[PDB]
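This document starts with one chain, in the form deposited in one PDB entry, laid out as structure tokens.
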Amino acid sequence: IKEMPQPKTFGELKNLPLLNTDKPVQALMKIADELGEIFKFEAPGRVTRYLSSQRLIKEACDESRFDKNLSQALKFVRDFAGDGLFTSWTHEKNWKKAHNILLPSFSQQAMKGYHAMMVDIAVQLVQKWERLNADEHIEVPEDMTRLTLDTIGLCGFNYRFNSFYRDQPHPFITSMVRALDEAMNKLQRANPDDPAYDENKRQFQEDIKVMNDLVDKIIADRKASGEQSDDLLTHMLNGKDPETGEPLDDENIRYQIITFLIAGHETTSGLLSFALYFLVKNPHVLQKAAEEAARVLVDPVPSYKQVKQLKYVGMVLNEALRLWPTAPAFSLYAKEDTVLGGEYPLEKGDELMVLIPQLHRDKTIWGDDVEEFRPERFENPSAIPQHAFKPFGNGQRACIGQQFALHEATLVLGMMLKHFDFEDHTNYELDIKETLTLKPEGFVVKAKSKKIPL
């Protein structure tokens, strides 16, 4: 039985000022490097413990001992994502009900049905880059966010955000980004009741109203038309939970749609941005991935079966998730009193934070070369120990979108590598912006077309 280290304190504010930064996850990673596999973090009226080792995280991932906790970040996102799957407690009736209804819609089998809509948006990205002039560059996270938002809009509810037709986002996206900004900024406030934050609170309420108005209108418009599409909204209007026998109500459907739009906008775009970053920084890997794309993607329109053949492209994506898991943390609470790792006694209700980027840097699992980008680490999936690699979270509360995200990212990265050579023309220095998620900021490249027709 051991005492936990704790980072530097600020009198009454305890550790809270350590999060007063635009890069709090990166700050916590530096604290984990200093203090090790576990540290205590205190704020006024709150304590959590940050876990960084596979040894402790494998126990945290025991669903008999720990369940998903809503972090303060998730509690603030709940103000607009409600009791959708991502911001509901496991014990809320709408969690298991929506999980049972939506699981089949997110299965590997279901991806065959979404493939044609993913190809539609992927072809728009390829055509955009084909149409750049010689002197021009690509804004990578910007274009990946246009793609992933558009894909989830079309597959989610047959709505075209038409992000490749715009400089300035769709108004829904303005409100959603500003709501996510307010949710994440609110975490840091030592003094959240200050009238200085009054304008923030007024804007947040207007942004929630905007998101609810468009999505409630989409649902009402679909129920009125009676149209049956191959989208998640059709599945949610028609679907019945086998357990309760009930369908989702229109309010919960709206929360699920908001939740899916947050995920598509924030997570898959980060993965694709980091993958391209690592490829241009590691030309041997880029060539190996480009050979696979050229050999496999023999038709102008990729098929579902061809995307499944892109093994090395999948390894590239997994190695990007290893180093920069774009959803960088998840939270757990102890279901009962328990002892973590034979050393750290916890009481029922005690909270843990899993620091996924630090888990993915555990040298006892990955070896001394943990900072190196080597997709070959993933050539044999069975060689990865259980709970060593958790970019999609854990257990029944793991990412429902995992198959969707990886199908989209594999298709898109495959097509990018088939159609273009890439140049890191600025020798870009990685700068990671933190929103809900991690993304390269300012990452630019030049494409050179291989002049392969669509």
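Start at 1 and count along the sequence shown; that's the residue number. The term rigid core refers to the maximal set of C-alpha atoms that superpose within 1.5 Å between the two forms.
*Asks:* Given the B-factors recorded for C-alpha atoms, which segment has the greater mean, 204-212 or 330-338?
*Replies:* Per the deposited B-factors, the answer is 204-212.
*Asks:* Between 68-76 and 177-185, which has the larger average Cα B-factor in the PDB entry?
*Replies:* Result of the comparison: 177-185.
*Asks:* Check the PDB entry and point out which of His99, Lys128, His284, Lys217 has the largest C-alpha temperature factor.
*Replies:* Most elevated C-alpha B-factor of the set, per the entry: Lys217.
*Asks:* From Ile152, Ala81, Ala293, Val301, pick the one with the largest CA B-factor in the entry?
*Replies:* Of the options given, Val301 has the highest CA B-factor in the PDB entry.
*Asks:* Would the CA B-factor of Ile57 place it in the lowest, middle or highest third of its chain?
*Replies:* Middle third by C-alpha B-factor.
*Asks:* Compared with the other modelled residues in the chain, in which third is the CA B-factor of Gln386?
*Replies:* Highest third.
*Asks:* For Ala190, does the deposited CA B-factor place it in the lowest, middle or highest third of the chain?
*Replies:* Highest third, going by the recorded CA B-factors of the chain.
*Asks:* Consider only the C-alpha atoms of the modelled residues in this chain, order them by B-factor as the entry records it, and name the third containing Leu35: lowest, middle or highest.
*Replies:* It falls in the top third of the chain.
*Asks:* Just say lowest, middle or highest third for the CA B-factor of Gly226 relative to the other modelled residues in its chain.
*Replies:* For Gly226, whose C-alpha B-factor we compare with every modelled residue in the chain, the answer is the highest third.
Missing here is the form deposited in another entry; even so, the following discussion is about that form.
*Asks:* So which one of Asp213, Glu351, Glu142, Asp241 actually moves, Cα shift of 2 Å or more between this form and the one not shown once the core is superposed?
*Replies:* Per the superposition, the moving residue is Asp213.
*Asks:* Rigid core fitted, is the C-alpha displacement of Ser105 between this form and the one not shown 2 Å or more?
*Replies:* After core superposition, the displacement of the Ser105 C-alpha between this form and the one not shown stays below 2 Å, so no.
*Asks:* Do you see a C-alpha shift of 2 Å or more at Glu227 between this form and the one not shown, with the core held fixed?
*Replies:* Yes, the C-alpha position differs by at least 2 Å between this form and the one not shown.
*Asks:* Inspect the rigid-core superposition and answer whether the C-alpha of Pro171 shifts by 2 angstroms or more between this form and the one not shown.
*Replies:* Passes the 2 Å threshold, so yes.
*Asks:* Flagged pair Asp83/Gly226: C-alpha distance shifts by 3 angstroms or more in that other deposited form. Which direction, closer or farther?
*Replies:* Residues separate in that other deposited form, at least 3 Å farther apart.
*Asks:* Taking the cut-off of 3 Å or more as given, in which direction does the distance between the C-alpha atoms of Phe164 and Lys217 change in that other deposited form, closer or farther?
*Replies:* Closer together, by at least 3 Å.
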